[PDB]
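Below is one structure, written out as structure tokens, with a few remarks after it.
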Amino acid sequence: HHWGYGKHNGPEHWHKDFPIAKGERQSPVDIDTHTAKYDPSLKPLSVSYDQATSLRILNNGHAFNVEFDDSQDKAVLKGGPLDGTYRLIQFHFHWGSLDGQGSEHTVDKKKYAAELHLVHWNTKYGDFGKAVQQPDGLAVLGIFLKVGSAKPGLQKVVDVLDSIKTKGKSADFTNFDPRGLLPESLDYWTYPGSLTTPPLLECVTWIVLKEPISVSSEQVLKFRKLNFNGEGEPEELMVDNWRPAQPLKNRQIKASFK
Ligand SMILES: C/C(=C\C(=O)O)c1ccc(Cl)cc1
Ligand SMILES: [Zn+2]
């Protein structure tokens, strides 16, 4: 597989190797704020990251993943629309070449500069590989980034990117606190969807926070200096690694707030 984000291997091509690309519950989507309905029975959302153990950061030639030790319930997401316990395995971002694009979800067609995905798997399925095969296997917490003031809790990420410039590079990344990437409010929208990269599996309960976080232009500029290519290959800047909005089809987006 040689998928990517260019003209020749980008989102419009994915359906040929991954037919589920045209499925009934694909992500991302546009969130129409005037059609999403407040759901008074959503239970409170619970982000328990106090014991989180980050291990490593990896440039995978599409984005960078910050990886966590998920061998026990150290950093978990529960509540909201979720039944049971979901374990944090990694986070990554999607971003643009320009500040007016980059996010995957959109809000009344508004694109943010970037979008953070904290990826969690349902522990009743035992491992991540089994979880991606289930309709309720993953919960992804989505957070929009806008360009404004710097996010202090992000700077440790920005500063290690020099060391993982090219595809296949990784670096030790211990003692990173993902609580520093959260906005004040946990108000959210939720809907059933999919992974937004191949294999595009329809296994995600999406929880997208309404409140974006602000990051500085300098911070996002450093994302844009990463490379999709491997070391010693011709340089392709890692920008515009976002899949555009997919048909909502027979789904409802629910709001946690009035
Ligand atoms: C987590 C993810 C994709 C995404 O973030 O859309 C992913 C990527 C490859 C495999 Cl094999 C499984 C999951
Ligand atoms: Zn993502």
Side-chain angles (χ1 to χ4, degrees), residues 1-5 9-11 13-15 17-23 25-31 54-68 70 75 77 86-96 101-107 111-123 125-145 154 157 167-168 170 178 181 188-209 212-213 215 220 223 226 228 238-246:
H1 299 302
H2 304 298
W3 67 267
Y5 297 96
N9 63 358
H13 294 276
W14 296 347
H15 69 99
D17 284 15
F18 305 97
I20 208 175
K22 302 177 180 267
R25 62 177 275 191
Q26 288 291 292
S27 294
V29 302
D30 182 56
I31 298 163
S54 67
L55 296 170
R56 193 177 77 143
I57 186 175
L58 167 70
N59 179 337
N60 69 3
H62 313 296
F64 61 90
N65 291 353
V66 173
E67 297 161 357
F68 286 80
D70 64 343
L77 183 63
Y86 291 71
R87 215 176 270 178
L88 176 68
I89 179 167
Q90 56 104 323
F91 72 78
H92 60 270
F93 302 78
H94 304 264
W95 62 90
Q101 64 202 64
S103 62
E104 294 199 309
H105 295 87
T106 55
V107 179
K111 300 171 156 107
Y112 290 87
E115 187 176 331
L116 167 59
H117 292 161
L118 297 123
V119 180
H120 312 72
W121 56 273
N122 194 330
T123 58
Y125 303 123
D127 62 70
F128 180 80
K130 287 290 210 47
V132 299
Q133 297 178 67
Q134 319 305 324
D136 61 348
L138 296 196
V140 184
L141 180 58
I143 302 176
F144 297 120
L145 278 65
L154 181 63
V157 175
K167 181 176 182 188
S170 69
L181 297 184
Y188 65 88
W189 295 285
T190 184
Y191 79 93
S194 77
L195 303 182
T196 65
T197 76
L200 303 169
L201 297 168
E202 290 182 341
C203 66
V204 182
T205 301
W206 277 96
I207 296 167
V208 180
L209 300 190
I213 62 161
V215 304
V220 69
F223 283 19
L226 291 163
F228 287 127
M238 188 176 278
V239 298
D240 293 318
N241 55 358
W242 47 279
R243 184 190 197 195
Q246 301 302 305

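Reckoned from all heavy atoms, side chains included, excluding hydrogens, waters and symmetry mates. Order of appearance sets the numbers: ligands from 1, and atoms from 1 within every ligand. This chain uses plain numbering: 1 for the first residue, then up along the sequence.
The aromatic rings of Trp206 and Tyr191 sit parallel to each other, their planes meeting at less than 30°, with 60° as the upper class boundary. A tilted orientation is assigned to the rings of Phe64 and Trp95, their planes being inclined by 30° to 60°.
Nearest protein neighbour of atom 1 (C) of ligand 1, counting heavy atoms only, is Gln90 NE2, 3.9 Å. For atom 13 (C) of ligand 1, the nearest protein heavy atom (residue, atom name, distance) is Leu195 CD1, 3.5 Å. Protein heavy atom in closest approach to atom 11 (Cl) of ligand 1: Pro199 CD, 4.0 Å. Scanning the protein for heavy atoms near atom 4 (C) of ligand 1, the closest one is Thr197 OG1, 3.6 Å.
There is a side-chain donor-acceptor pair under 3.5 Å between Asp70 and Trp121.
A 4.5 Å side-chain heavy-atom check between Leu141 and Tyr188 finds every atom pair outside the cut-off. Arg243 has its side chain within reach of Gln26: a pair of non-hydrogen atoms, C-beta onward, lies under 4.5 Å apart.
Here the N, O or S atom of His92 that is nearest to the Zn ion (ligand 2) is NE2.
Between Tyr5 and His94, a ring centre-to-centre spacing not shorter than 6.0 Å is recorded.
The Zn ion (ligand 2) forms the vertex of an angle spanning NE2 of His94 and ND1 of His117; to the nearest 10 degrees it equals 100°.
Proximity to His92 (heavy-atom distance under 4.0 Å) selects the following atoms of ligand 1: 5 (O). Using a 4.0 Å cut-off to heavy atoms of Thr196, the atoms of ligand 1 that qualify are 6 (O).
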